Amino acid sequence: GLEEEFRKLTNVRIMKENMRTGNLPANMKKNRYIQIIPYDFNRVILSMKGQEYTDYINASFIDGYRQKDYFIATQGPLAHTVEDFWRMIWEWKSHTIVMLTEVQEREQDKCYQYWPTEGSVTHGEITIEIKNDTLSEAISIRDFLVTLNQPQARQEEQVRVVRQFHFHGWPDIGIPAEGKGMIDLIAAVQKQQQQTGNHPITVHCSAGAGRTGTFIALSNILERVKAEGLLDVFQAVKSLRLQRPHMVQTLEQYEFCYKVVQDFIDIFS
């Protein structure tokens, strides 16, 4: 049963023995939450330039159904990590960002706005220029021109398009009342990834655990249902809980996973 499954998920141990880098004093200011920190065995490592601790961001590579390291699960950037966030996007060649929160929800700040609503913004050596913004139901799809400005000699060849899927269909309290929004989000993300190929999909909410884990679990589960027909939810979520603390954080989110799968089967007929 669903509550017994989630009880076993809760019991998945947080493996603190492997959380050294994120717990270093100089890196702790880069975390939103003390208890959501990546494991060293899959943390996303950035280049270093001086700089002893500039290789850290609170972000984990997460396995997909067919491919290792298919997702990056990360927290919403902070004001003092926005440069690291865009450097991660560049250095690991992510072309797709999935945002599962508003920047502000119920008075509280959930995510620094790291993209330009209009025009351009520069964070560190990287310039981001919004080229298109399309709203379709509860999903804003935004295409940005992203330029690495260093070295100046290579500026012309160092331009990429990065697409952000901004999901507006998650209530400030509880879980979505329908699965269609989540199913459409996953399907649009899948269409984009056909064109880019084996590039990691960057996914974030606020801490990068609850909604983020739900989106990733459902992407993985629905792919397995399509390829094998195997109906499992527990093992897919358990695997995520072993890759990053608290992926799929609450019972209601776990319920939502089952509901979305059922809605997907119904569309599947």
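Heads up: residue numbers just count along the shown sequence, starting at 1.
Gap check for residue 49 to residue 50: 1 to 3 deposited residues are absent from the model. When 50-58 is weighed against 209-217, 50-58 comes out higher, by mean CA B-factor as recorded in the entry. The stretch with the higher mean CA B factor, choosing between 80-88 and 153-161, is 153-161. Set against one another, the Cα B-factors of 111, 97, 73, 186 in the record reach their highest point at 111. Split the chain's modelled residues into thirds by C-alpha temperature factor. Residue 127 is in the lowest one.
Split the chain's modelled residues into thirds by C-alpha temperature factor. Residue 34 is in the middle one.
For residue 26, the recorded CA temperature factor ranks within the highest third of the chain's modelled residues. Residue 236: CA B factor in the lowest third of modelled residues in this chain (values from the PDB entry). For residue 93, the recorded CA B-factor ranks within the middle third of the chain. Only modelled residues enter the ranking.
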